[PDB]
Amino acid sequence: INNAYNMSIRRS
Amino acid sequence: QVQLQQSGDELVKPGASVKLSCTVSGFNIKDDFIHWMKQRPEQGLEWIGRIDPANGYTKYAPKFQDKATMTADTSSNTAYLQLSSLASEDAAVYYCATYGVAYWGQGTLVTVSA
Amino acid sequence: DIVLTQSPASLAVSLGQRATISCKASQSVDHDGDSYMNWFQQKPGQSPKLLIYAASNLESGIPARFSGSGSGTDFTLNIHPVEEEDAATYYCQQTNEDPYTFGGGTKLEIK
């Protein structure tokens with residue numbers, strides 16, 4: 001399930 | 001569940017500094033960046049930078065490196081944006097955002113005149 | 001910086017028809033199989049509202065009339081059928097590399 005916390009920014 | 005409540009509109013004098021706030025409810029700000037965006041009147045959006053409230057680490061867009069200072073208080077779940085040496089091009093609506101960039105504050109208008 | 005160029009800057013569409021907005025990036029906004037392109041809607045006096053993230057994912061609360069596609073450097077927002085409440089300015093945004101950048105906006109009007 002897609003989620004904007006995970007995927008609306010690139011995290012490293 | 002998440003709301004960002006920004007501080008009230010401010011008219012500031014050239015040369016002065018101002019500090020805006022962004023109080024977050026429904027979300028522990030230790031758990032994500034808070035981002036700040038600028039929108040000049042009738043213009044487009046610019047990203048100013050982000051702060052990681054857990055450790056205070058910040059990353060600014062280069063054009064705001066000397067203009068903006070971001071801080072955060074994890075106990076009050078509040079983030080602050082300080083703008084220095086105000087000039088007319090600093091007049092804008094400033095937004096905070098978090099949960100990636102999914103949830104935004106209602107904006108704070110800064111106008112600059114004297 | 002990654003420069004985002006949105007097309008068209010002004011778009012007039014009839015109710016019921018399909019609106020398409022394009023965002024071209026000067027460099028890739030992909031990393032390891034994910035595209036970091038967002039689309040926002042903004043009405044006057046209101047905060048930008050996230051529509052689509054990671055190029056094609058529909059944000060909670062947004063109807064499926066909105067859809068996103070593309071990868072790499074070329075991305076597209078489609079709205080259909082267009083309804084009165086879609087009149088707004090739309091922005092693309094990339095969040096792959098710093099500084100994050102926005103396109104210059106597309107104003108959607110009803111014809």
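Residues numbered from 1 in each chain as written, not as in the entry; some residues may be left out. Chains lettered and ligands numbered in written order. Heavy atoms only, no water. Residues with missing side-chain atoms left out of burial classes, pairs and counts.

The deposited coordinates for this entry were obtained by X-ray crystallography, with a reported resolution of 1.700 Å.

## Describing the interface of chain B and chain A
Note the threshold: Contacts between residues were defined by any pair of non-hydrogen atoms, one from each residue, lying within 4.5 Å. Accessible area that two parts lose when put together, with a 1.4 Å probe and added across both, is what the buried area reports. For salt bridges, the criterion is a side-chain nitrogen of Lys or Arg within 4 Å of an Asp or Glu carboxyl oxygen. Each residue gets one label: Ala, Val, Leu, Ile, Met, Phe, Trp, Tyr, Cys and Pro are nonpolar, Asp, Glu, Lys and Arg are charged, and the others, such as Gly, are polar.
Listed as interface residues are 9 residues of chain B and, on the opposing side, 6 residues of chain A. With both chains or domains summed, chain B and chain A bury close to 540 Å², and 62% of this area falls on carbon and sulfur atoms. When the buried area of chain B at its contact with chain A is split by residue, B:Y99, B:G100 and B:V101 rank highest and sum to 55% of it. Applying the counting rule to chain B against chain A returns 1 salt bridge. Taken together, the residues of the side of chain B that touches chain A break down into 5 nonpolar, 2 polar and 2 charged.

## Brief notes about the interface of chain C and chain B
Our working rule: Under the rule applied, a polar contact is a pair of N or O atoms within 3.5 Å (in protein, one hydrogen donor and one hydrogen acceptor; residues adjacent in sequence only if both atoms are side-chain atoms). Here a strand is any run of E in DSSP of at least two residues, a helix any run of H or I of at least four, and the numbering for each starts at the N terminus.
Taken residue by residue, the interface counts 14 residues in chain C and 20 residues in chain B. For the chain C and chain B pair, buried surface summed over both sides reaches about 1,300 Å², with 61% attributable to carbon and sulfur atoms. The tally of links between chain C and chain B comes to 2 salt bridges. Its salt-bridge partner being B:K59, residue C:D98 comes within 2.8 Å of it at the nearest N-O pair. Summed over the shared surface of chain C and chain B, the result is 7 residue pairs in polar contact. Looking at the side of chain C that touches chain B, the elements that each hand over two or more residues are β6 (37-42) and β11 (88-94) of chain C.

## Structural notes on the pairing of β6(C)
Each regular strand carries side chains that alternate between the two faces of the sheet. Residue and element names in this part refer to chain C. The test is simple: Buried, partly exposed and exposed residues are distinguished by accessible area as a fraction of the type maximum, computed with a 1.4 Å probe on protein chains only: under 20%, between the cut-offs, and over 50%, respectively. When DSSP finds two or more bridges between a pair of strands, those strands are recorded as paired.
Counting buried positions along β6 yields 6 of 6 residues, so the element is predominantly enclosed. By the alternation rule, side chains of β6 split into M37, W39 and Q41 and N38, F40 and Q42, which are all buried. Bridge count between β6 and β11: 6 bridges; the pairing is antiparallel. Within β11, the position partnered with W39 by the bridge is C92. Looking at chain direction, β6 and strand β7 (residues 49-53) are connected through 3 bridges and run antiparallel. Residue pairing in the sheet places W39 in a bridge with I52 of β7. Hairpin remark: β6 followed by β7, antiparallel, with 6 residues in the connecting loop; positive phi at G45, about 80°.

## Here's the deal with the nonpolar core
For clarity, the cut-off: What makes a nonpolar core is a set of buried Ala, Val, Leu, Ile, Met, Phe, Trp, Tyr and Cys residues whose side-chain atoms join them at distances within 4.5 Å.
Within the largest apolar cluster, 47 residues are counted, with the highest numbers of intra-cluster contacts made by B:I34, B:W36, B:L81, B:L83, B:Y94, B:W104 and C:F102. Per-element accounting of this core gives the leading share, 5 residues, to strand β9 (residues 92-98) of chain B. The residues contacting B:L81, other than those within four sequence positions of it, are B:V18, B:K19, B:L20, B:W36, B:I48, B:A68, B:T69, B:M70 and B:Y94. If you look at the next biggest cluster of nonpolar residues, it comprises 24 residues, including C:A19, C:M37, C:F66 and C:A88.

## Structural notes on the state of the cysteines
Simply put, disulfide is the name for a covalent bond between the sulfur atoms of two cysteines. Selection rule: The disulfide criterion used throughout: a pair of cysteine sulfur atoms within 2.5 Å.
Counted according to the given criterion, the structure contains 2 disulfides over all chains. Linked covalently through their sulfurs, B:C22 and B:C96 form a disulfide whose S-S length is 2.1 Å. Between B:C22 and B:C96, the S-S dihedral sits near 80°, and the bridge is therefore right-handed. Separated by 74 residues along the polypeptide, B:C22 in strand β3 (residues 18-25) and B:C96 in strand β9 bring together distant segments of the chain. On the basis of relative accessibility, which here comes to 0%, the residue B:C22 falls in the buried class. A relative accessible area of 0% places B:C96 in the buried class. Across a sulfur-sulfur distance of 2.2 Å, C:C23 and C:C92 are joined as a disulfide pair. Taking the torsion about the sulfur-sulfur bond, which here is approximately 70°, the covalent link between C:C23 and C:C92 counts as right-handed. In this pair, C:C23 sits in strand β3 (residues 19-25) while C:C92 sits in strand β11, placing the two residues 69 residues apart along the sequence. There is no split in this pair, since C:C23 and C:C92 are both buried.

## Here's the deal with the sheet that holds β3(C)
Residue and element names in this part refer to chain C. Keep this limit in mind: With axes taken as lines fitted to C-alpha atoms, and helix axes fitted only over the stretch in contact, angles between N-to-C directions fall between 0 and 180 degrees.
With antiparallel pairing, 4 strands are arranged side by side in an open sheet as β1-β3-β10-β9. Pairing within the sheet leaves two strands with one partner each, and these edge strands are β1 (4-7) and β9 (66-71). Averaged over all pairs of adjacent strands, the angle between their axes in this sheet comes to 15°, without regard to strand direction.

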